[PDB]
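Asker: Fold the stuff below for me.
(chains A, B, C and D, ligands or ions: 8)
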Number of protein chains: 4
Amino acid sequence: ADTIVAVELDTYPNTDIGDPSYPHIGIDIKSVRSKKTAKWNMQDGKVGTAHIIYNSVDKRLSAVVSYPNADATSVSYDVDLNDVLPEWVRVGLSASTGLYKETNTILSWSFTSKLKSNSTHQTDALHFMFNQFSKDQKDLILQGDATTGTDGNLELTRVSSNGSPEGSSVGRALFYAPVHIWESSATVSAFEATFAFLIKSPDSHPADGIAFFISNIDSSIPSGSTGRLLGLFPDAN
Amino acid sequence: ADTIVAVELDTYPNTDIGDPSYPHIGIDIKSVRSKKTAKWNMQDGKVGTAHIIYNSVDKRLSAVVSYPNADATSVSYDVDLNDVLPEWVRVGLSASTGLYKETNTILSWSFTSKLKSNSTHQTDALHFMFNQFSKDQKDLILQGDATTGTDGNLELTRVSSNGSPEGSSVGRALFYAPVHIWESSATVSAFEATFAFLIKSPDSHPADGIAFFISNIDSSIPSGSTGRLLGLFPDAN
Amino acid sequence: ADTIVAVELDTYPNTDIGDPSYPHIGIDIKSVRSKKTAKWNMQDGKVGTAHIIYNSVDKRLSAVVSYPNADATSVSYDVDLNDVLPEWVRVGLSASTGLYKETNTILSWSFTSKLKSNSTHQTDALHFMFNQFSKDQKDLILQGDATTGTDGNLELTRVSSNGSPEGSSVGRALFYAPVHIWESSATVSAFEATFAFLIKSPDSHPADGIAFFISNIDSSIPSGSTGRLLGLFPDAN
Amino acid sequence: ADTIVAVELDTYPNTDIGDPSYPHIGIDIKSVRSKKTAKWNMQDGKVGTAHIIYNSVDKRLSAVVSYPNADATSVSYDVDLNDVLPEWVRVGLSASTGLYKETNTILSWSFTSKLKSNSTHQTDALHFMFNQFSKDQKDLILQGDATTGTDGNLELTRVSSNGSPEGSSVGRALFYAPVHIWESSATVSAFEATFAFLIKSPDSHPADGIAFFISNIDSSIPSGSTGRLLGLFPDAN
Ligand SMILES: [Ca+2]
Ligand SMILES: [Ca+2]
Ligand SMILES: [Ca+2]
Ligand SMILES: [Ca+2]
Ligand SMILES: [Mn+2]
Ligand SMILES: [Mn+2]
Ligand SMILES: [Mn+2]
Ligand SMILES: [Mn+2]
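Answerer: Residues are numbered from 1 along each chain as shown, chains lettered A, B, ... in the order given. Ligands and ions are numbered 1, 2, ... in the order given. Sure, the structure comes next:
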């Protein structure tokens, strides 16, 4: 009733769980215990951009977190979303804070996803494009402390009037229209997403990080999703 | 609180209103009293396909209802949706029946729509692709007697087990995610849609017709939307 | 100077090479000796549709040849196009005949391909859409006996005035604009293509088959590309 | 044999022709004598972005040249490209210099274009995406002094090693694949393009300007296309 696949950006390495010793990216299937991990070179206060693709033919969850001038960090995990995700899913954004401070602002957001059938070709599909959120932003489902329009951006985490990334925070947002994972006569399916993000830390010990996650249209933030729980996974591991 | 712009397919010409004397297409702004009209050559039991575009620069509501081998029928009206539609709209499908019988089945359905901002370029946008509806069809909002999956199609109107188009009927359906008409820093906006439809009449006196309409996320079928009221307009004219 | 990756549709099983004992699909890297194979259930005179995807993160050449009502046939091979294809490639269509007769008509043709950079996001990319070829068809590069506009279709192989698939034939066609495989600051690349095809055989012993292939902008049909050589590979194996 | 429709960015107002008295934008059909004009507020050394759309239903050439924080400048002209452009066209970029200096660098470039037929729906079409040009840039046709990869950008005009916009210059570039304006069974056609540009002037008296133009696959720069001739129109007016 509340299951999710997440692609997470980890700034604050919680050794106690199983994350490497520095900032890392990887795939989480069912829990905080990411299945695959990788090391990315944090650039505090710098502009970033994430990417993520997959499909049934191959069924391989892959990611690419890039930085300008800086070199690429990727990770790939083999999994059957067919077996994991609800036939119909929802797409949103999560970011987190707790003891540590950090900014979680989204500049641009893009989502592509299609479904190939038996009939002939070019069956079903959907796209959502973002470069600036509004005070309106009505085809979006925000959770908790997310803020849209702050500075004309999707700000997952709590911010002040001067910047000052707040702590002990948590919220998220998902596109209105559900998504279609797999189907009766579908033999070739696909998903594509990219997203620029902006993490800012006055501290050298930045918060927790960000995260792009897939779950049920019903997905809700659990208890103390705060902290390293990036509001993707309850206390279970 | 319940306003709409509609592109309608009129099979049953109700002289009493203002529709020409044979089947016609045109633009309806606020009421049944379509603003522009045109004559299209009905092909009962044959496969059809509608199209419709517009934008602010130009602000001209235009349409093209085609038939294979058959020649094109188009109509164009000058209007300010900026002035008419809610800043945030919804996209759906309507078809109608009353004293007259006719089929209103959708084979394929496509929706494209984008928003150009000041920042730089390629700001906001969305796409929805359809070639076959499901028993599921969960990212769709159906109204009344619409049926999804019947034969793997979106069937706006009431059908029997042998075909037999039902009469005195009415229903519709809209994509889940709202749409974004105009905005703060948007100076160049656009909308694009095409759709194949299938109207079937055992009778020579076919029902009412079909209709592609834009309204509020709140849009609901009025009283006796049945008949020529194609469930787009209440009794007001 | 003349290298290619091909996704081929094999109707006429030439045991002497290494193809299974019935019609099959698979990946060919450098030669006729396809690297991966699979069994698809031919439906002579019936409408078909092929699909094919891949990318660097994963680097896995995958395919899906479907038939309506009929079940799916797929194959997947792990390869480094980065290491194989010219930084800049060309996209076309090949089909073949020799001792055996068969039809090789294309109804629809679709090509999607993009390149993700370091700068920010949504870097480079291209699309080409086909549902009917012309007597014109000017942004297409046809080779040999291919015919465009015959019946408003791309007909790779030689046809008569009554149908009568010709034999001992060979030709192909590619989109004008070159394609961009990999690049300096590209860390996330992708390719997507689908295509409906129509193979017709008065005989029970149909020709050779079809094939979607990637090569150099310079790609030319070799000697006796005819036969099982599907005009993709010279005599080398 | 050499005809063109152009959307031009005019920095250097040549009163002697018919351009207003300050920088302006407008539509040129057959000649320098733009048919429609409008006033845009130049921002030297600042980042800009142009847009342009049209189609048969409506047949209205429209444009939007925007600047960040700054307000929009648009122009619209009614014309029959069906009657003017070759059934098959080419898409490129032009910029100009002469007595006056100015920079003409392109950051991003985007092209969308489709063709609706009788068959059913979603007939033909093409897309080209740009955010950074290469030393390679092989699916592009550059003319004269255009430079690709200079700083990872398409630089239409002649630049030095320190910047120093050169004078008395002229060149352009077009996408490889031709374009399809109108056709046999096409009743609903469309074209869409946006583009960010960067004009830089050490002087207060900047060169000539930029220009997005449509012509024949054969289009070549005429004599002294230099100057206000923005290399779009020969000496004829
Ligand atoms: Ca952690
Ligand atoms: Ca009527
Ligand atoms: Ca063979
Ligand atoms: Ca001038
Ligand atoms: Mn972790
Ligand atoms: Mn009417
Ligand atoms: Mn073989
Ligand atoms: Mn001028």
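
Asker: For chain A, what lies in contact range of ligand 1?
Answerer: Residues of chain A lying near ligand 1 by C-beta under 5 Å from the ion: A:10, A:12, A:14, A:19, A:228. Placement of C-beta: from N, CA and C, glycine included.

Asker: Touching, residue A:113 and residue A:190? I think so.
Answerer: Yes - taking C-beta atoms under 8 Å as the definition, residue A:113 is a contact partner of residue A:190 at 6.7 Å.

Asker: Pull up the gap between the residue in chain A that ligand 4 sits nearest to and ligand 2, please.
Answerer: Of all residues in chain A, residue A:131 sits closest to ligand 4, at 32.9 Å by C-beta to the ion. According to C-beta to the ion, to the nearest Å, residue A:131 and ligand 2 sit 43 Å apart.

Asker: What's the local residue count around that residue?
Answerer: 24 (other C-beta atoms under 10 Å in any protein chain shown).

Asker: what about the spatially most central residue of chain A, helix or strand, and which?
Answerer: Centroid check for chain A by C-alpha atoms, centre = their mean gives residue A:212 as the closest residue, at 0.9 Å. Following DSSP states H and E, one finds residue A:212 within strand A:209-216.

Asker: Give me the contact status of that strand with chain B.
Answerer: No - Strand A:209-216 lies out of reach of chain B by C-beta under 8 Å from any C-beta of the partner chain, never closer than 11.1 Å.

Asker: Okay, helices next: where are they in chain A?
Answerer: Secondary structure of chain A (DSSP state H): helices at A:81-84.

Asker: Up against chain C, what does chain A have?
Answerer: A:47, A:49, A:51, A:53, A:55, A:57-58, A:60, A:62-64, A:66-70, A:72, A:74, A:76, A:108, A:110, A:116, A:118-122, A:187-188, A:190, A:192, A:194-196.

Asker: rerun at 7 Å
Answerer: Taking C-beta under 7 Å from any C-beta of the partner chain as the contact definition, chain A meets chain C at A:47, A:49, A:51, A:53, A:55, A:57-58, A:60, A:62, A:64, A:66, A:68, A:72, A:74, A:76, A:108, A:110, A:116, A:118-122, A:187-188, A:194, A:196.

Asker: Let's see the PyMOL selection covering just the buried ones among those.
Answerer: Here the buried members of the residues of chain A next to chain C are turned into a PyMOL selection, burial being counted by 16 or more other C-beta atoms under 10 Å in any protein chain shown:
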select buried, chain A and resi 49+51+53+55+57+58+60+62+64+66+72+74+76+108+110+116+118+119+120+121+122+187+188+194+196
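
Asker: returning to what we had before: can you list the helices and strands that the strand holding residue A:212 packs against?
Answerer: In this structure, strand A:209-216 makes packing contacts with strand A:4-10, strand A:88-96, strand A:188-198, judged by 3 or more C-beta pairs under 7 Å, 6 or more residues apart in numbering or on different chains; DSSP states H and E.

Asker: try 10 Å
Answerer: When contacts are defined as 3 or more C-beta pairs under 10 Å, 6 or more residues apart in numbering or on different chains; DSSP states H and E, strand A:209-216 packs onto strand A:4-10, strand A:24-29, strand A:47-55, strand A:60-66, strand A:88-96, strand A:105-116, strand A:170-175, strand A:188-198.

Asker: separation between residue A:73 and ligand 1?
Answerer: Distance from residue A:73 to ligand 1, by C-beta to the ion: 16 Å.

Asker: whoops, residue A:150 was the one
Answerer: Relative to ligand 1, and taking C-beta to the ion, residue A:150 is found at 25 Å.

Asker: How about that residue: what's its closest non-neighbour residue?
Answerer: residue A:159 (6.3 Å; C-beta to C-beta, 6 or more residues apart in numbering or on different chains).

Asker: from what I can see the one you found touches residue A:167, true?
Answerer: No - using C-beta atoms under 10 Å, residue A:159 is not in contact with residue A:167, being 11.4 Å away.

Asker: Neighbour count: those two, which is higher?
Answerer: Of the pair residue A:159 and residue A:167, residue A:159 is the one with more neighbours under other C-beta under 10 Å, namely 21 against 16.

Asker: And the residue of chain A closest to ligand 8?
Answerer: The minimum distance from chain A to ligand 8, using C-beta to the ion, falls at residue A:131 (31.3 Å).

Asker: show me the contacts for that residue.
Answerer: Applying C-beta atoms under 10 Å, 6 or more residues apart in numbering or on different chains to residue A:131 gives the contacts A:106-110, A:152-153, A:196, B:115-117, B:119-125, C:121-122.

Asker: Check the burial of the nearest residue to residue A:45 once chain neighbours are set aside by counting its neighbours.
Answerer: Spatial nearest neighbour of residue A:45, excluding adjacent residues (C-beta to C-beta, 6+ apart): residue A:200 at 5.2 Å. Close neighbours of residue A:200, defined as other C-beta under 10 Å, add up to 20.

Asker: What residues does residue A:200 make contact with?
Answerer: Residue A:200 neighbours (C-beta under 10 Å, 6+ apart): A:44-46, A:101-105, A:157, A:159, A:163-165, A:206-207.

Asker: repeat for residue A:202
Answerer: Residue A:202 makes contacts with A:44-45, A:101-103, A:163-165, as judged by C-beta under 10 Å, 6+ apart.

Asker: chain center to stretch A:123-142, what's the gap?
Answerer: 15 Å (C-alpha atoms, centre = their mean, to the nearest Å).

Asker: Let me know how buried residue A:88 is, in neighbour terms.
Answerer: Residue A:88, neighbours per other C-beta under 10 Å, totals 18.
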